[PDB]
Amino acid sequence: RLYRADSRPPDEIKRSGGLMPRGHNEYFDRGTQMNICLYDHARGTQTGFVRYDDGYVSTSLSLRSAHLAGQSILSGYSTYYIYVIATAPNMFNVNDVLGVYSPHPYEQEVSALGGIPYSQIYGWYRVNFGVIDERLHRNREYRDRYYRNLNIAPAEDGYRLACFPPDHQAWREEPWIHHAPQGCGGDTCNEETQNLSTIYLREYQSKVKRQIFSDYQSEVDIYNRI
């Protein structure tokens, strides 16, 4: 389980289809084209939010760390929640992919490419005046069987999504060198990095639709219809 402090309440998260990155309204909204970039996401900091810009939503490896970050950022909030998230291939350990070039090392963040679908959120705790309400509220739409066995995406698959700038020495070195997008280490690099990250997301989103939309599939009696 991964944890994230967030001011956005459970029903809003439901309306959006998950914990979205900065500027993404609904999870399956291909309407606005998001800039997915790990390195850029790993460096920025937001007001009133734990890292969530550049198409990635940040998460902590523990409730305490998630609590600490919340207290520091959401210091003056009567209420805010800490979401409990299942591990799955849309998650990337920021320290492992960016390596020695990880901007905020010590923290140990694991980021979800494209946000976190509602069905991957196990539950949440409510935090009142900075104090955690130890009652874990369970999300009824969490896909237990599906997420039960999944893990964070291994670092190898994230290197080519690292999004280091083109002339950034990292592309000219192990292990990013073997995974550098076409044009990294002109704009080809940028558009290539964005194209790969969007492919990875679109494929993950399909795995999600296969889960949630199948619930609506109703079988037909072909012999009666025909």
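When you see a residue number, it is the position in the sequence shown, counting from 1.
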| property | result |
| --- | --- |
| Gap size between residue 186 and residue 185, counted in deposited residues that the entry leaves unmodelled | 4 to 9 |
| Between 52 to 60 and 174 to 182 (mean CA B-factor, as deposited), the higher | 174 to 182 |
| Residue stretch of maximal mean CA temperature factor, 92 to 100 vs 109 to 117 | 92 to 100 |
| Given 196, 66, 189, 37, the residue at which the Cα B factor reaches its maximum | 189 |
| Most elevated Cα B-factor in the entry, residues 24, 210, 14, 202 | 24 |
| Chain thirds of CA B-factor: placement of residue 31 | highest |
| Cα B factor band for residue 74 (lowest, middle or highest third within the chain) | highest |
| Modelled-residue ranking by C-alpha temperature factor, third containing residue 144 | lowest |
